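Novice: So that you have it, the file is query.txt, and it contains compact mmCIF, N, CA, C and O atoms:
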# COMPACT_ATOMS: atom_id res chain seq x y z
N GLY A 1 -25.23 0.97 -34.51
CA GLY A 1 -26.29 1.98 -34.79
C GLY A 1 -27.15 2.26 -33.57
O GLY A 1 -27.00 3.30 -32.93
N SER A 2 -28.05 1.34 -33.26
CA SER A 2 -28.94 1.49 -32.11
C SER A 2 -29.48 0.14 -31.65
O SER A 2 -30.66 -0.17 -31.85
N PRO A 3 -28.62 -0.68 -31.02
CA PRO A 3 -29.02 -2.00 -30.52
C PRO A 3 -29.76 -1.91 -29.19
O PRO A 3 -29.99 -0.82 -28.67
N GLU A 4 -30.13 -3.06 -28.64
CA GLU A 4 -30.83 -3.11 -27.36
C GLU A 4 -29.89 -3.53 -26.24
O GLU A 4 -29.35 -4.64 -26.26
N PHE A 5 -29.69 -2.64 -25.27
CA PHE A 5 -28.81 -2.92 -24.15
C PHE A 5 -29.25 -4.16 -23.38
O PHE A 5 -28.51 -4.67 -22.54
N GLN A 6 -30.45 -4.64 -23.66
CA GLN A 6 -30.98 -5.83 -22.99
C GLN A 6 -30.11 -7.06 -23.26
O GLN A 6 -29.68 -7.74 -22.33
N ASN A 7 -29.86 -7.34 -24.54
CA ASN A 7 -29.07 -8.49 -24.93
C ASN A 7 -27.72 -8.50 -24.20
O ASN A 7 -27.07 -7.47 -24.08
N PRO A 8 -27.28 -9.68 -23.71
CA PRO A 8 -26.01 -9.82 -23.00
C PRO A 8 -24.82 -9.86 -23.95
O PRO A 8 -23.68 -10.07 -23.53
N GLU A 9 -25.08 -9.66 -25.23
CA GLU A 9 -24.03 -9.67 -26.25
C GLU A 9 -23.22 -8.40 -26.14
O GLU A 9 -22.00 -8.43 -26.01
N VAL A 10 -23.92 -7.27 -26.19
CA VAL A 10 -23.27 -5.99 -26.06
C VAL A 10 -22.61 -5.91 -24.69
O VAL A 10 -21.50 -5.41 -24.54
N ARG A 11 -23.33 -6.44 -23.70
CA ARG A 11 -22.86 -6.46 -22.34
C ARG A 11 -22.74 -5.04 -21.83
O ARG A 11 -21.94 -4.74 -20.96
N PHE A 12 -23.59 -4.17 -22.36
CA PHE A 12 -23.56 -2.77 -21.99
C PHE A 12 -22.22 -2.19 -22.45
O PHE A 12 -21.75 -1.18 -21.94
N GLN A 13 -21.59 -2.93 -23.38
CA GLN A 13 -20.32 -2.60 -24.03
C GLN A 13 -19.38 -1.77 -23.17
O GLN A 13 -18.43 -2.29 -22.59
N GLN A 14 -19.67 -0.49 -23.09
CA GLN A 14 -18.83 0.44 -22.33
C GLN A 14 -18.99 0.20 -20.84
O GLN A 14 -18.02 0.06 -20.10
N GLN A 15 -20.24 0.18 -20.41
CA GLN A 15 -20.55 -0.07 -19.04
C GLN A 15 -19.84 -1.35 -18.59
O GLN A 15 -19.29 -1.44 -17.48
N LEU A 16 -19.85 -2.34 -19.49
CA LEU A 16 -19.17 -3.61 -19.25
C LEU A 16 -17.68 -3.38 -19.10
O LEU A 16 -17.03 -3.98 -18.25
N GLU A 17 -17.15 -2.50 -19.94
CA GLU A 17 -15.74 -2.18 -19.91
C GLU A 17 -15.33 -1.78 -18.51
O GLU A 17 -14.20 -2.03 -18.09
N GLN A 18 -16.25 -1.15 -17.78
CA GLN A 18 -15.97 -0.73 -16.43
C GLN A 18 -16.02 -1.89 -15.43
O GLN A 18 -15.01 -2.15 -14.76
N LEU A 19 -17.15 -2.62 -15.28
CA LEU A 19 -17.14 -3.74 -14.34
C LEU A 19 -16.05 -4.73 -14.71
O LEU A 19 -15.45 -5.35 -13.83
N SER A 20 -15.79 -4.85 -16.00
CA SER A 20 -14.74 -5.74 -16.47
C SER A 20 -13.40 -5.17 -16.04
O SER A 20 -12.50 -5.91 -15.64
N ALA A 21 -13.27 -3.85 -16.14
CA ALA A 21 -12.04 -3.17 -15.76
C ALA A 21 -11.63 -3.47 -14.32
O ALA A 21 -10.44 -3.41 -14.00
N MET A 22 -12.59 -3.80 -13.45
CA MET A 22 -12.24 -4.11 -12.06
C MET A 22 -11.95 -5.60 -11.90
O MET A 22 -12.08 -6.16 -10.81
N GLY A 23 -11.54 -6.23 -12.99
CA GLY A 23 -11.19 -7.64 -12.97
C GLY A 23 -12.37 -8.60 -12.91
O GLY A 23 -12.30 -9.61 -12.21
N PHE A 24 -13.45 -8.32 -13.64
CA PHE A 24 -14.58 -9.21 -13.68
C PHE A 24 -14.62 -9.97 -14.99
O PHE A 24 -14.58 -9.37 -16.07
N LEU A 25 -14.70 -11.30 -14.91
CA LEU A 25 -14.74 -12.13 -16.10
C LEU A 25 -16.18 -12.47 -16.45
O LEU A 25 -16.49 -12.86 -17.57
N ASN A 26 -17.05 -12.32 -15.46
CA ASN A 26 -18.47 -12.58 -15.64
C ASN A 26 -19.09 -11.41 -16.40
O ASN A 26 -19.68 -10.51 -15.80
N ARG A 27 -18.93 -11.44 -17.71
CA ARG A 27 -19.41 -10.37 -18.58
C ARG A 27 -20.93 -10.18 -18.46
O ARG A 27 -21.40 -9.07 -18.23
N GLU A 28 -21.67 -11.26 -18.64
CA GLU A 28 -23.13 -11.22 -18.53
C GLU A 28 -23.55 -10.59 -17.21
O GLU A 28 -24.58 -9.90 -17.12
N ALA A 29 -22.73 -10.81 -16.19
CA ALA A 29 -23.00 -10.30 -14.85
C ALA A 29 -22.78 -8.80 -14.78
O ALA A 29 -23.34 -8.13 -13.91
N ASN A 30 -21.97 -8.27 -15.69
CA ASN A 30 -21.68 -6.84 -15.70
C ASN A 30 -22.84 -6.10 -16.33
O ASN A 30 -23.34 -5.12 -15.77
N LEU A 31 -23.30 -6.59 -17.48
CA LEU A 31 -24.37 -5.98 -18.18
C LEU A 31 -25.54 -5.81 -17.24
O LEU A 31 -26.15 -4.74 -17.16
N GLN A 32 -25.86 -6.88 -16.53
CA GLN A 32 -26.98 -6.83 -15.62
C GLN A 32 -26.71 -6.00 -14.40
O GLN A 32 -27.60 -5.30 -13.92
N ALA A 33 -25.51 -6.07 -13.86
CA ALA A 33 -25.22 -5.26 -12.71
C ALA A 33 -25.40 -3.80 -13.09
O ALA A 33 -25.83 -2.99 -12.27
N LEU A 34 -25.12 -3.48 -14.35
CA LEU A 34 -25.24 -2.13 -14.82
C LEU A 34 -26.69 -1.71 -14.99
O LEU A 34 -27.06 -0.57 -14.71
N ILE A 35 -27.52 -2.64 -15.44
CA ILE A 35 -28.94 -2.37 -15.66
C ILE A 35 -29.64 -2.09 -14.34
O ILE A 35 -30.51 -1.22 -14.26
N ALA A 36 -29.25 -2.82 -13.30
CA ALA A 36 -29.85 -2.65 -11.99
C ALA A 36 -29.24 -1.47 -11.24
O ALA A 36 -29.80 -1.00 -10.25
N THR A 37 -28.09 -0.99 -11.72
CA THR A 37 -27.43 0.14 -11.08
C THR A 37 -27.59 1.45 -11.85
O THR A 37 -27.03 2.47 -11.45
N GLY A 38 -28.37 1.43 -12.93
CA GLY A 38 -28.59 2.64 -13.73
C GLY A 38 -27.33 3.42 -14.07
O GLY A 38 -27.38 4.64 -14.19
N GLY A 39 -26.21 2.73 -14.24
CA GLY A 39 -24.98 3.42 -14.59
C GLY A 39 -23.98 3.47 -13.45
O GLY A 39 -22.80 3.73 -13.67
N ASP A 40 -24.45 3.23 -12.24
CA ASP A 40 -23.59 3.22 -11.07
C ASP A 40 -22.78 1.94 -11.07
O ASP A 40 -23.09 0.98 -10.35
N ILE A 41 -21.74 1.94 -11.88
CA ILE A 41 -20.89 0.78 -12.07
C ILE A 41 -20.11 0.48 -10.81
O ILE A 41 -19.90 -0.67 -10.48
N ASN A 42 -19.76 1.54 -10.11
CA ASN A 42 -19.01 1.46 -8.88
C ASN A 42 -19.87 0.78 -7.83
O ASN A 42 -19.43 -0.13 -7.12
N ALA A 43 -21.11 1.25 -7.76
CA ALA A 43 -22.08 0.69 -6.85
C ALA A 43 -22.31 -0.76 -7.24
O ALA A 43 -22.57 -1.63 -6.40
N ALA A 44 -22.16 -1.01 -8.54
CA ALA A 44 -22.32 -2.34 -9.10
C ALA A 44 -21.12 -3.22 -8.77
O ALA A 44 -21.28 -4.42 -8.59
N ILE A 45 -19.93 -2.64 -8.70
CA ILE A 45 -18.73 -3.40 -8.40
C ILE A 45 -18.83 -4.01 -7.01
O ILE A 45 -18.49 -5.17 -6.79
N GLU A 46 -19.29 -3.19 -6.07
CA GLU A 46 -19.43 -3.60 -4.67
C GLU A 46 -20.53 -4.63 -4.49
O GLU A 46 -20.39 -5.57 -3.71
N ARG A 47 -21.62 -4.46 -5.22
CA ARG A 47 -22.75 -5.37 -5.12
C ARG A 47 -22.49 -6.67 -5.88
O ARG A 47 -22.83 -7.75 -5.41
N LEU A 48 -21.88 -6.54 -7.05
CA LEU A 48 -21.60 -7.65 -7.91
C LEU A 48 -20.64 -8.63 -7.26
O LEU A 48 -20.86 -9.85 -7.31
N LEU A 49 -19.60 -8.12 -6.63
CA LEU A 49 -18.63 -8.92 -5.97
C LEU A 49 -19.27 -9.56 -4.74
O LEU A 49 -18.78 -10.56 -4.21
N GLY A 50 -20.38 -8.97 -4.31
CA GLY A 50 -21.11 -9.47 -3.16
C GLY A 50 -21.55 -10.91 -3.35
O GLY A 50 -20.98 -11.82 -2.76
N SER A 51 -22.56 -11.10 -4.19
CA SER A 51 -23.07 -12.44 -4.48
C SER A 51 -23.58 -12.51 -5.92
O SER A 51 -23.08 -13.28 -6.73
N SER A 52 -24.59 -11.70 -6.22
CA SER A 52 -25.18 -11.66 -7.56
C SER A 52 -24.23 -11.00 -8.55
O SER A 52 -24.29 -9.76 -8.70
Would you encode the structure as structure tokens?
Specialist:
Amino acid sequence: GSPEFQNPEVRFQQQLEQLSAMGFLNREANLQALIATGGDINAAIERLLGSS
């Protein structure tokens, strides 16, 4: 219906599907990478693989 993207459960669901799609197992890390990237999952892929 209308959950809170904050919780790492949803993991930004779709957004997660993307960072996950690039071979990321750190789900919680995707949700957050997405929150800090405002949707720029690609920008998140490069940064996420970086360190955080």
Novice: Taking 6 positions as the minimum chain separation for residues in the same chain, which residues sit within 7 Å of residue 44 (chain A) when counting all atoms listed in the file? Answer as a PDB file with N, CA, C and O atoms, in the frame of the given file.
Specialist:
ATOM      1  N   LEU A  19     -17.150  -2.620 -15.280  1.00  0.00           N
ATOM      2  CA  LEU A  19     -17.140  -3.740 -14.340  1.00  0.00           C
ATOM      3  C   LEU A  19     -16.050  -4.730 -14.710  1.00  0.00           C
ATOM      4  O   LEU A  19     -15.450  -5.350 -13.830  1.00  0.00           O
ATOM      5  N   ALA A  29     -22.730 -10.810 -16.190  1.00  0.00           N
ATOM      6  CA  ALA A  29     -23.000 -10.300 -14.850  1.00  0.00           C
ATOM      7  C   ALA A  29     -22.780  -8.800 -14.780  1.00  0.00           C
ATOM      8  O   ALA A  29     -23.340  -8.130 -13.910  1.00  0.00           O
ATOM      9  N   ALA A  33     -25.510  -6.070 -13.860  1.00  0.00           N
ATOM     10  CA  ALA A  33     -25.220  -5.260 -12.710  1.00  0.00           C
ATOM     11  C   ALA A  33     -25.400  -3.800 -13.090  1.00  0.00           C
ATOM     12  O   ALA A  33     -25.830  -2.990 -12.270  1.00  0.00           O
ATOM     13  N   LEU A  34     -25.120  -3.480 -14.350  1.00  0.00           N
ATOM     14  CA  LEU A  34     -25.240  -2.130 -14.820  1.00  0.00           C
ATOM     15  C   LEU A  34     -26.690  -1.710 -14.990  1.00  0.00           C
ATOM     16  O   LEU A  34     -27.060  -0.570 -14.710  1.00  0.00           O
ATOM     17  N   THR A  37     -28.090  -0.990 -11.720  1.00  0.00           N
ATOM     18  CA  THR A  37     -27.430   0.140 -11.080  1.00  0.00           C
ATOM     19  C   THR A  37     -27.590   1.450 -11.850  1.00  0.00           C
ATOM     20  O   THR A  37     -27.030   2.470 -11.450  1.00  0.00           O
ATOM     21  N   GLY A  50     -20.380  -8.970  -4.310  1.00  0.00           N
ATOM     22  CA  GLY A  50     -21.110  -9.470  -3.160  1.00  0.00           C
ATOM     23  C   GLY A  50     -21.550 -10.910  -3.350  1.00  0.00           C
ATOM     24  O   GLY A  50     -20.980 -11.820  -2.760  1.00  0.00           O
ATOM     25  N   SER A  52     -24.590 -11.700  -6.220  1.00  0.00           N
ATOM     26  CA  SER A  52     -25.180 -11.660  -7.560  1.00  0.00           C
ATOM     27  C   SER A  52     -24.230 -11.000  -8.550  1.00  0.00           C
ATOM     28  O   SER A  52     -24.290  -9.760  -8.700  1.00  0.00           O
TER      29      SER A  52
END
Novice: To one decimal place, how far is atom O of residue 11 (chain A) from atom O of residue 30 (chain A) in Å?
Specialist: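 Answer for the atom O of residue 11 (chain A) to atom O of residue 30 (chain A) separation: 5.4 Å.
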Novice: Would you compute the distance between CA of residue 4 (chain A) and CA of residue 18 (chain A)? Give it in Å to one decimal.
Specialist: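 Distance reported for this atom pair: 18.6 Å.
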Novice: What is the atom C of residue 6 (chain A)-CA of residue 23 (chain A) distance in Å, reported with one decimal?
Specialist: 21.5 Å
Novice: Which of these, A:14, A:47, A:5, A:22, has the shortest distance to residue 35 (chain A) once you count all atoms listed in the file?
Specialist: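 Answer, going by the shortest atom-to-atom distance: A:5.
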Novice: Check the smallest atom-to-atom distance from each of A:49, A:9, A:43, A:2 to residue 28 (chain A) using only N, CA, C and O atoms, then report the winner.
Specialist: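 Answer, going by the shortest atom-to-atom distance: A:9.
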Novice: Going by DSSP on the backbone, which residues of chain A come out as alpha helix (DSSP H)? List them as number ranges by chain.
Specialist: A: 13-21, 27-36, 41-48
